[PDB]
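**Q** In order, the protein sequence lines correspond to chains C and A.
Going by the deposited numbering, the letters in the first sequence line up with residues 12 to 391, in that order.
Going by the deposited numbering, the letters in the second sequence line up with residues 12 to 391, in that order.
2 protein chains.
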Amino acid sequence: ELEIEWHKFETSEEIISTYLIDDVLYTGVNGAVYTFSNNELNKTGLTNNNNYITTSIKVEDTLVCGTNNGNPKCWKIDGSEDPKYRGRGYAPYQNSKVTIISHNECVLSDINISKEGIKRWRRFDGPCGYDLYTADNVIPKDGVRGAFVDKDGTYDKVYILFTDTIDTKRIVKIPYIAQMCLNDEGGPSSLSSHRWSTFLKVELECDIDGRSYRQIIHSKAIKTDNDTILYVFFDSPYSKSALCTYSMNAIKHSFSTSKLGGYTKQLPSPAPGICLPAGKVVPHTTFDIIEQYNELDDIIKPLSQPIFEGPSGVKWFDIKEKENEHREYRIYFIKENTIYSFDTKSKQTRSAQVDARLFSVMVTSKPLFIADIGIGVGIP
Amino acid sequence: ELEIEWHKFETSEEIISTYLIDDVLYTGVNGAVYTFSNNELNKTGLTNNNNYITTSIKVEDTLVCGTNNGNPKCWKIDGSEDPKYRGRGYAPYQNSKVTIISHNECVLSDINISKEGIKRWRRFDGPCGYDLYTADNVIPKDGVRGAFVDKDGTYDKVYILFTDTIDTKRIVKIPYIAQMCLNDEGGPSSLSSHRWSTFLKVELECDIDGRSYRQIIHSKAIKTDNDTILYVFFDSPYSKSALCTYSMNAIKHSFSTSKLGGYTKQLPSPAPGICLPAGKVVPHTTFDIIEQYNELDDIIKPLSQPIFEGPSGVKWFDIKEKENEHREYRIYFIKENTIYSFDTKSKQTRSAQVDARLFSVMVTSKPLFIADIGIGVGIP
Ligand SMILES: *[C@@H]1O[C@H](CO)[C@@H](O)[C@H](O)[C@H]1NC(C)=O
Ligand SMILES: *[C@@H]1O[C@H](CO)[C@@H](O)[C@H](O)[C@H]1NC(C)=O
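This is how it looks when you write it as structure tokens:
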């Protein structure tokens, strides 16, 4: 059961992105950007030629970047101009799905940097160092589906989830998680000087009854006491989708200990995925290995629960820990027209119909649902 | 729509096998064997300790073999004793699904030959030659799902469809078709003297919308003018099944021309899968290759139509060409409780409910459905 109150726009404005910046909702739409907070929907127009606003990251001010008519360009929050004139790798050249995260002041994104569009995963210039980019064909043309930053004890690391499409005898999709060192310095050489030197990846695995799911929809890493737990949502070309959970501690341990797939010899002293003390640069042997064989000979198996299967075609999902109990969540996952909630404790799924073209669910303290009608806020 | 008239037994007798011998239905049940012809249901008791009758092949007389209490033993049709005392590889040691075909006088079967039960595909002693068996781990523990004999222009060849379960990093099922020379003489050596020397296999492929099906249920090869067409029915751990069709001419061409997967060098003069003139024996080099790399570097892609998708859990399927048109069939596929027909021309699927625990559909001139209640015969 769910009662949602609707703060709608004046018109049905095609949603293009939704972000949470310090419990303030930033809904990038065509034309303006909407700002939800305290049930207050402040719309701010920027331009309207094409200008699909897609990015609303926060570095120092929450700058907001869009694509004004095939030219990507940023702004300050209130339509003002960006001092640093950011905007190349911050917004796509055309309306697309993006993945752009911002740590302290360090923007990482998969957004296309040029017009042609070779897919790469980049960290842009800032406190971490100069720009970086993954070698080609590493990131699939579909893009990076999830990205989040997590401590590795002492060094920040960036994790990204994507779905590769291998094609040898038949096309097989494979879900991957990939780790990189947030403060990587680049490779050793001059050509490989702006390339990640700590990029590694493992296959995930979400099997239930011999049906293995392989297409990532969306991810979210909740931070708990002993470690953080990663919730992935897989879709399938069949009529099903499946939420799995993985223990980031198990993943980190696997990254640090497992062996590189296809590489049989002894791994060098600064082990490939390992972060390095500030200013250090990966040697050449380690880098040659880490670029040739960048996949561990392993497979991350999910936690025991909650694995569950919902409909096919879910688009978003967000978690909200129940205030009464603890480590028991309500996972609100959203389809084009129908809300669904799932309680990790009772393992029952509730549903609800809503006559709108939903786009996302965000959760700050109460699930707010971003649909083309406008925003809604939910109370059961 | 379908009206079926029911010739039922006196009791609900657990069906264990059904065969068509010259348009006579032979229904092996627990205890007796039933014989349907001209709407006449002649039951013939043989023994009743355990005696799950499973085989009703025809060599010279249609002998019928069962498993009398963990001892496999054959009989003549009318309960009489077998002169040659056949019965080892003709009936399983316990109730199981079997695959046993009979060409002219040459019984081929995957039935377990001993108590332990290593799965192999065997040709038994008779006009073709002495017994033969496939090397171990070639046939999956699930068994061989379909088998039929087809000319290769001049030499008879045996084709078998099974589903391998490869397990390297995750478990993947792979459907395979495999060809052997019916009059193979065995390998060259003394150890490999009763092993097939002409065994090869390719992957099939039944993909529809990026969903690839890999679990074979049942096969049937219809013989047409220019060639024969192979109808395979795949199941999936998801909620779907798919019928595909393959052109045996394409398969034969692929077997004769394609290259052995993993073998990069030049194939020897008596090409591996190639039948040999009577009395000839495969050389040693050809045999070493054919045993090491017995899979072609290829994949058989289905015909254009009819590919279709029906429910998950279908158990049988049989074809009946429409009397009016030609090359247009009615495919009756049967589920545990529900009949389904599918017309290749109209591409519409009809269904029908029947309150019985169906076991199979046979088609002689009118589809007769073998359920535990008894036999039924259908007219639309
Ligand atoms: C929304 O706009 C009104 C209009 O001035 C302003 O008073 C209010 O502070 C704004 N709130 C936010 C969260 O921007
Ligand atoms: C069925 O049994 C009857 C009983 O004698 C016999 O006359 C008839 O020929 C049998 N038919 C077949 C097909 O066995």
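We put the beta carbon where it would ideally sit given N, CA and C, even for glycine.
#1: Can you give me, in chain order, the residues of the segment 216-236 of chain A that have a beta carbon less than 8 Å from any beta carbon in chain C?
#2: Quick one: does the C-beta of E21/A sit closer than 8 Å to a heavy atom of ligand 2?
#3: Would you please state the rounded distance, in angstroms, between the beta carbons of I233/C and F245/C? I believe it to be under 8 Å.
#4: When the Cα of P288/A is compared with those of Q364/A, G272/A, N237/A, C192/A, which residue comes out closest?
#5: With a threshold of 8 Å, establish whether the CB of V35/C neighbours any heavy atom of ligand 1.
#6: Which of the three DSSP states is assigned to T256/A in this structure?
#7: Could you tell me which of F20/A, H114/A, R99/A, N61/A sits nearest to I32/A, measuring between CA atoms?
#8: By the three-class DSSP mapping on this structure, what secondary structure does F298/A have?
#9: Just checking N50/C against ligand 1 - is the residue's beta carbon closer than 8 Å to any of the ligand's heavy atoms?
#10: Does the beta-carbon of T46/C, which I'm using as the reference point, lie nearer than 8 Å to any heavy atom of ligand 1?
#11: Can the beta-carbon of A158/C be found closer than 9 Å to that of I150/C?
#12: When the cut-off is 9 Å and only beta carbons count, does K95/A lie next to chain C?
#13: Just by C-beta distance, which residues in the segment 237-251 of chain A are closer than 8 Å to chain C?
#14: I'd like to check one pair, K356/A with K333/A: are the Cβ atoms closer than 9 Å?
#15: Report buried or exposed for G387/C, applying the criterion of at least 16 other Cβ atoms within 10 angstroms of its Cβ.
#16: If the cut is a Cβ gap below 9 Å, which residues of chain C does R181/A touch?
#17: List, from N- to C-terminal side, the beta strand (DSSP E) runs of 3 residues or more that fit wholly inside the segment 88-150 of chain A.
#18: Do you know whose CA, among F319/A, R338/A, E336/A, lies nearest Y351/A's CA?
#19: For the beta strand (DSSP E) that contains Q226/A, what are its first and last residues?
#20: Rank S315/A, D218/A, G273/A, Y101/A by C-alpha distance to the C-alpha of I240/A and give the top, closest one.
#21: When you compare the CB positions of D308/C and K263/C, do they come within less than 9 Å of one another, or not?
#22: According to DSSP, what are the bridge partners of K19/C?
#23: For the beta strand (DSSP E) holding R156/A, just list the boundary residues, first then last.
#24: Identify whether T275/A lies in helix, strand or coil by the three-state DSSP scheme.
#25: Do you know offhand how far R156/C's Cα is from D178/A's?
#26: When you compare the CB positions of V374/C and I381/C, do they come within less than 9 Å of one another, or not?
#27: May I have the straight-line CA-CA distance separating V75/A from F370/A, to the nearest angstrom?
#28: In the DSSP assignment, what residue or residues form a beta bridge with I171/C?
#29: Under 8 Å from any heavy atom of ligand 2, does the C-beta of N60/A make it?
#30: Under the assumption that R368/A contacts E347/A (Cβ atoms under 8 Å), give the Cβ distance between them as a whole number of angstroms.
#31: Any heavy atom of ligand 1 within a distance shorter than 8 Å of the CB on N53/C?
#32: Secondary structure at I262/A, three-state DSSP: helix, strand or coil?
#33: Is it the case that the segment 12-30 of chain A contacts the segment 57-64 of chain C, given that we only count it when at least three CB pairs across the two stretches are under 8 Å?
**A** For this structure:
#1: Residues of the segment 216-236 of chain A that bring their beta carbon within less than 8 Å of a beta carbon in chain C comprise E216, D218, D220, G221, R222, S223, in sequence order.
#2: Counting from one through the second sequence, the residue named residue 21/A turns up at place 10. In this structure, ligand 2 has no non-hydrogen atom nearer than 8 Å to the beta-carbon of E21/A.
#3: Within the first sequence, the letter at position 222 stands for residue 233/C. Within the first sequence, the letter at position 234 stands for residue 245/C. About 18 Å separates the two Cβ atoms, so there is no contact after all.
#4: Taking the first residue of the second sequence as position 1, residue 288/A is located at position 277. Taking the Cα of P288/A as reference, the smallest distance to any Cα among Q364/A, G272/A, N237/A, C192/A is reached at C192/A.
#5: To locate residue 35/C, count along the first sequence from 1; it is residue 24. Under cutoff, so the answer is yes.
#6: Numbered from 1 along the second sequence, position 245 holds the residue referred to as residue 256/A. DSSP places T256/A in strand when its eight states are reduced to three.
#7: In the second sequence, the residue the question calls residue 32/A occupies position 21. Distances from the CA of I32/A to each of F20/A, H114/A, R99/A, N61/A were compared; the closest alpha carbon is that of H114/A.
#8: By one-based count along the second sequence, residue 298/A stands at place 287. In the structure shown, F298/A sits in a helix (DSSP, three-state: H, G or I).
#9: One-based indexing of the first sequence puts residue 50/C at position 39. Outside the cutoff, so no.
#10: Reading the first sequence from its first residue, position 35 is the one you call residue 46/C. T46/C Cβ: within cutoff of ligand 1.
#11: Taking the first residue of the first sequence as position 1, residue 158/C is located at position 147. Taking the first residue of the first sequence as position 1, residue 150/C is located at position 139. Result no, Cβ atoms of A158/C and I150/C do not sit closer than 9 Å.
#12: Sequence index remark: in the second sequence, residue 95/A carries index 84 (1-based). So no, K95/A is outside the interface.
#13: For the segment 237-251 of chain A, the set of positions with a beta-carbon nearer than 8 Å to some beta-carbon of chain C reads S247, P248, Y249, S250, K251 in chain order.
#14: Indexing the second sequence from 1 puts residue 333/A at position 322. Indexing the second sequence from 1 puts residue 356/A at position 345. A distance below 9 Å separates the beta carbons of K333/A and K356/A.
#15: Translated into positions along the first sequence, residue 387/C becomes position 376. Here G387/C is buried: its Cβ has 16 or more other Cβ atoms, across all protein chains shown, within 10 Å.
#16: Locating residue 181/A in the second sequence gives position 170, where the first residue counts as 1. Under the 9 Å cutoff, chain C gives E214, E216, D218, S223, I310.
#17: Qualifying beta strand (DSSP E) stretches, in chain order: 111-113, 118-120.
#18: In the second sequence, counting from the first residue as 1, residue 351/A sits at position 340. Distance from the Cα of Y351/A is smallest, within the candidate group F319/A, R338/A, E336/A, for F319/A.
#19: Within the second sequence, residue 226/A is the residue found at index 215, counting from 1. Here the beta strand (DSSP E) through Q226/A covers 226-234.
#20: Start at 1 with the first residue of the second sequence, and residue 240/A comes out as number 229. For the residues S315/A, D218/A, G273/A, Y101/A, the minimum Cα distance to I240/A belongs to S315/A.
#21: Here residue 308/C corresponds to residue number 297 of the first sequence, with the count starting at 1. Here residue 263/C corresponds to residue number 252 of the first sequence, with the count starting at 1. No, Cβ-Cβ distance for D308/C and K263/C is not below 9 Å.
#22: Taking the first sequence and counting its residues from 1, the one referred to as residue 19/C is at position 8. DSSP lists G385/C as partners of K19/C.
#23: To locate residue 156/A, count along the second sequence from 1; it is residue 145. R156/A: member of the beta strand (DSSP E) spanning 155-162, first to last residue.
#24: Here residue 275/A corresponds to residue number 264 of the second sequence, with the count starting at 1. Coil, per DSSP.
#25: As a first step, residue 156/C is located in the first sequence; it is residue number 145 there, counting from the start. As a first step, residue 178/A is located in the second sequence; it is residue number 167 there, counting from the start. One C-alpha to the other measures close to 28 Å.
#26: Residue mapping note: residue 374/C aligns to position 363 of the first sequence, counting from 1. Residue mapping note: residue 381/C aligns to position 370 of the first sequence, counting from 1. Between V374/C and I381/C, the C-beta spacing is not below 9 Å.
#27: Taking the first residue of the second sequence as position 1, residue 75/A is located at position 64. Taking the first residue of the second sequence as position 1, residue 370/A is located at position 359. In this model, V75/A and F370/A are separated by some 19 Å (Cα to Cα).
#28: On the first sequence, residue 171/C is found 160 positions in, with the first residue counted as 1. Note: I171/C sits in a beta bridge opposite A158/C, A189/C.
#29: The residue labelled residue 60/A in the question sits at position 49 within the second sequence. No, the Cβ of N60/A stays beyond 8 Å of every heavy atom of ligand 2.
#30: Along the second sequence, one-based indexing puts residue 368/A at 357. Along the second sequence, one-based indexing puts residue 347/A at 336. Confirmed, Cβ separation roughly 6 Å.
#31: Translated into positions along the first sequence, residue 53/C becomes position 42. Indeed, a heavy atom of ligand 1 lies less than 8 Å from the Cβ.
#32: As a working mapping, residue 262/A is identified with position 251 in the second sequence. Three-state result, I262/A: helix.
#33: By the Cβ rule, the segment 57-64 of chain C does not count as touching the segment 12-30 of chain A, because fewer than three pairs are nearer than 8 Å.
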